[PDB]
Amino acid sequence: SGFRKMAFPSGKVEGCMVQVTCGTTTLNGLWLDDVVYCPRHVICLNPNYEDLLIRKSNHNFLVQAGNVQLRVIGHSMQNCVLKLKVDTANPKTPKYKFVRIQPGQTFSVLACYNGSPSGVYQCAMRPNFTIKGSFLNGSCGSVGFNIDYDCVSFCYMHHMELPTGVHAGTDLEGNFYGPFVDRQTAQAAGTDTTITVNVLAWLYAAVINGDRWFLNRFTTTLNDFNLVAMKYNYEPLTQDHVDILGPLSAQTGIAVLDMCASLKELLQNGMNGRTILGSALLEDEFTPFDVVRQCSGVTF
Amino acid sequence: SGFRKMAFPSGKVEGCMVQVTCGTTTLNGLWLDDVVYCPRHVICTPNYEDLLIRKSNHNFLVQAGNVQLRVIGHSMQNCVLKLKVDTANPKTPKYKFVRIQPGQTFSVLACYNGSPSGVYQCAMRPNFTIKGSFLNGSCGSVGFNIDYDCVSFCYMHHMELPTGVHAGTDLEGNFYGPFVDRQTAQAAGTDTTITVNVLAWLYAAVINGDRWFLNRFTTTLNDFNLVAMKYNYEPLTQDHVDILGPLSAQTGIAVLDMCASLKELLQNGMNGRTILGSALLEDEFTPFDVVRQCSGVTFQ
Ligand SMILES: *C(=O)CCCCCCC
Ligand SMILES: *C(=O)CCCCCCC
């Protein structure tokens, strides 16, 4: 038992981190097979990336893997990411995929500086397409990932910090999550919402862990609960969310719409001093999959 | 900016994790040089000396992935079994075995069948238990800290107590607290909030621009400790004040000045406000955790 903000083990990603330098700019790169991926702003107010890239040559990119220098034999741009072909395939390349995640999904971040790891943490892609990360200057090129049975699915690459302290980035194909751009223009995160299906998943995790003070004898309907969710800035609950919660409702014997009646009471009345898994706020950064994995040992 | 529950990168520890089987029990072992360390209760199903004397090297099946490591010797040190193997771990990091004090945090690499599954951060509570997240089969999973390239192993998982919290040993097999590896009725004593860690996290909040809770008054250790006792917080000592010195210098806020701000939070509550997104005071970030995360300390 117990329930924590658990990230995936980072070792498979640590073996892929390199330092990429172009002129006075230094950031991180991800080295998979014979290619190094990094934010294209490593070569750059009003940039003409295509003209900047044609002006640069292979020798203008300094790639360092620990103490070894990688010879760059090619270079191309894919959206907001720069791909540097190197003369050696990474002997530590794990099984990997590049995936674009949807809002509400969680992933681990290996924060890096100068191609070296600082730490790992778990975060979620918010409904407004930002992440509440922990990044400082030089963390660009740090990636977010999920691990499924030895295969690393890379989903995020860090590019920037927005005015409110939240972060923006791209998938490993260079496509920004949300409306953000890699230019020094005005851009801010939109209004965010709470991920309802994750709050319910975490309520089931609390029940599995013995916290049942918030349970009640009542059951609501999807339509009635969604009216409550809109008032509290919670994402609408769909029948697909109810279905995905299936293993947790089966394990605890509590229907999803029975748990929704507990959530409605918690939204309207609070906790009156009590806590749920050590928290006085409703937590929305654990998916239903994260909960079955951590609480029941699914995939372990 | 941002402040997350951040674990150390786990790559150096994943390279040491192996599967240890004795009869019908499978658990995790830590492989350093030509020795595998694991909980001695792997030999059970209770006189441990007699259970070990009856065992032979062939009764221990050790696997590093799908590769078997032949056991060529065995011995018991306190509550850990040391299995000498025919292969030295070529991924053995620079390491130390350290026994930590209550309040200290560490990263746990949760493992099942010798396979790393998750990483999270937790603390040695003042009652010598850890509020971890472990399931059946997680025994032999370790807790650690890293400094430069040296891994200090501080915890090996052995058991879960009635309240869902956990108990284990250092890597020399000595239990933290008054717990034993027997099937007896053991219980965690009353816990206390780690004051020095709460102060550290308030400095983390200040570094991140959260400063509504600051006041310009100062207090004394004696006056602060009267309030601490009332709210089940550990007394603050001159050692804790000295340990907060660097964070005090970084923010320009004296330790006793921050104590007067914590005193007001304890007596008045947060009144609907949050600090680093939390409605409760967090006590599982040490002063050093704040320095590492806010300055971007990396590991080699
Ligand atoms: C990047 O520097 C993070 C802060 C952005 C603020 C922009 C001006 C309001
Ligand atoms: C180990 O078996 C964890 C559960 C212990 C509870 C004993 C009964 C209170």
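- Method-wise, the PDB entry is recorded as coming from X-ray crystallography, at a reported resolution of 1.9370 Å.

Things to note about the sheet that holds strand β2 (residues 25-32) of chain A
Residues and elements named next belong to chain A.
- Read across the sheet, 7 strands follow the order β5-β4-β1-β2-β3-β7-β6 without closing on themselves; strand pairing throughout is antiparallel. A strand with exactly one partner marks an edge of an open sheet, and here the two such strands are β5 (68-70) and β6 (72-78). Direction aside, the axes of adjacent strands within the sheet are offset by 30 degrees on average.
- With 3 bridges joining them, strand β1 (residues 17-22) and strand β4 (residues 62-65) adopt antiparallel strand pairing. Bridge assignment links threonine 21 to a residue of β4, and that residue is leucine 62.

Let's talk about the domain arrangement of chain A
- For chain A, the assigned domains are domain 1 (12-86) and domain 2 (196-296).
- Computed over C-alpha atoms, the centres of domain 1 of chain A and domain 2 of chain A are 44 Å apart.

A short note on the packing of aromatic side chains
- Counted according to the given criterion, the structure contains 19 aromatic pairs over all chains.
- Of the aromatic side chains, those joined through ring pairs into one cluster are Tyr37(A), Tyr96(A), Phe98(A) and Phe154(A).
- Above the plane of the ring of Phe289(A) lies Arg293(A), whose end atom (NZ or CZ) is 4.2 Å from the centre.
- The residue whose ring lies beneath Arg99(B) is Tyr176(B), and the NZ or CZ to ring-centre distance is 4.4 Å.

A closer look at empty space enclosed by the protein
- Roughly 130 Å³ of internal volume is contained in the largest cavity.
- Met6(A), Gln122(A), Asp290(A), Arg293(A) and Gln294(A) are, among the 14 residues lining the largest cavity, the residues nearest its centre.
- Looking at the lining of the largest cavity, the elements with two or more residues in it are α8 (288-296) of chain A together with β10 (115-123) of chain B.
- Considering every element that reaches the lining of the largest cavity, the biggest residue donor is α8(A), with 3 residues.
- Partitioning the lining of the largest cavity into residue classes produces 5 nonpolar, 5 polar and 4 charged.
- Of the voids in this model, the second largest cavity is the one considered here, and its volume is about 100 Å³.
- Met6(B), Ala7(B), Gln121(B), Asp289(B) and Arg292(B) are the residues nearest the centre of the second largest cavity, which is lined by 13 residues in total.
- For the lining of the second largest cavity, the class distribution of residues is 5 nonpolar, 4 polar and 4 charged.

A short note on the pairing of strand β2 (residues 25-32) of chain B
Residue and element names in this part refer to chain B.
- Across the 8 residues of β2, 6 count as buried, placing the element largely inside the fold.
- For strand β1 (residues 17-22) and β2, the ladder comprises 6 bridges, and the chain directions are antiparallel. Across the sheet, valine 18 pairs through a bridge with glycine 29, a residue of β2.
- Hairpin remark: β1 followed by β2, antiparallel, with 2 residues in the connecting loop; positive phi at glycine 23, about 65 degrees.
- Sheet topology places β2 next to strand β3 (residues 35-39); 3 bridges connect them, and they run antiparallel. For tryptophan 31, the partnering residue across the bridge sits in β3 and is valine 36.
- Between the antiparallel neighbours β2 and β3 lie 2 residues, among them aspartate 33 with a positive phi of about 55 degrees.

Re the domain arrangement of chain B
- Segmentation of chain B into domains returns domain 1 (12-85) and domain 2 (195-295).
- Computed over C-alpha atoms, the centres of domain 1 of chain B and domain 2 of chain B are 44 Å apart.

Structural notes on the nonpolar core
- In this structure, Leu30(A), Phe154(A), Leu30(B) and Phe153(B) are the most contacted members of the largest nonpolar core, which totals 41 residues.
- The residues touching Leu30(A), leaving out its near neighbours within four places in the chain, are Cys16(A), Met17(A), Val18(A), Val35(A), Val36(A), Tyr37(A), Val143(A), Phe154(A), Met157(A) and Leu172(A).

Side note on the pattern of salt bridges
- Counted under the stated rule, the structure contains 17 salt bridges over all chains.
- Two residues, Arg4(A) and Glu284(B), come together in a salt bridge whose shortest N-O distance is 2.7 Å. Of this pair, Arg4(A) sits in the segment before α1 (11-14) while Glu284(B) sits in the loop between α7 (255-268) and α8 (287-295), placing the two residues on different chains. Considered together, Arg4(A) and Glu284(B) belong to a single accessibility category, that of buried residues.
- The salt bridge involving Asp192(A) is made with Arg126(A); its shortest N-O contact spans 2.8 Å. Residue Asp192(A) is located in the loop between β13 (167-170) and α3 (196-208), and its partner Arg126(A) is located in the loop between β10 (116-124) and β11 (143-148); the two are separated by 66 residues in the primary sequence.
- A network of salt bridges, in which partner residues are shared, links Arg4(A), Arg125(B), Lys131(B), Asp191(B), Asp283(B) and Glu284(B).

As for the interface of chain B and chain A
- At the junction of the two partners, chain B supplies 43 residues and chain A supplies 43 residues.
- The junction of chain B with chain A conceals about 3,000 Å² of combined surface from both sides, 52% of it contributed by carbon and sulfur atoms.
- For the chain B face of the interface with chain A, the top three residues by lost area are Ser1(B), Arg4(B) and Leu135(B), together amounting to 24%.
- Across the contact surface, chain B and chain A share 2 salt bridges.
- For the interface between chain B and chain A, the tally reads 25 residue pairs in polar contact.
- Among the secondary structure elements, those contributing two or more residues to the side of chain B that touches chain A are α1 (11-14), β9 (105-112), β10 and α8 of chain B.
- In the side of chain B that touches chain A, the residues fall into 18 nonpolar, 19 polar and 6 charged.

Each value, and the rule that gives it
- Residues numbered from 1 in each chain as written, not as in the entry; some residues may be left out.
- Chains lettered and ligands numbered in written order.
- Heavy atoms only, no water.
- Residues with missing side-chain atoms left out of burial classes, pairs and counts.
- Pairing = 2+ DSSP bridges.
- Helix = DSSP H or I, 4+ residues; strand = E, 2+ residues; numbered from the N terminus.
- Axes fitted to C-alpha atoms, helices over the stretch in contact; angles between N-to-C directions.
- Domains from an automatic or database assignment.
- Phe/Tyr/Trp six-rings, centres within 6.5 Å; stacked < 30°, edge-to-face > 60°.
- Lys NZ or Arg CZ within 6 Å of the ring centre and 35° of its normal.
- 1 Å grid on protein atoms, 1.4 Å probe; cavity = no way out; pocket = protein on both sides within 12 Å on 5 of 7 lines; lining within 4 Å.
- Points joined across faces, edges and corners; volume = space filled by probe spheres on them.
- Nonpolar A, V, L, I, M, F, W, Y, C, P; charged D, E, K, R; others polar.
- Buried < 20%, exposed > 50% of the residue type's maximum accessible area, 1.4 Å probe, protein only.
- Core = buried A, V, L, I, M, F, W, Y, C linked by side-chain atoms within 4.5 Å.
- Contact = heavy atoms within 4.5 Å.
- Salt bridge = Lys/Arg side-chain N within 4 Å of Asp/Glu carboxyl O.
- Buried area = accessible area lost by both parts, 1.4 Å probe.
- Polar contact = N/O pair within 3.5 Å; in protein donor to acceptor, adjacent residues only side chain to side chain.

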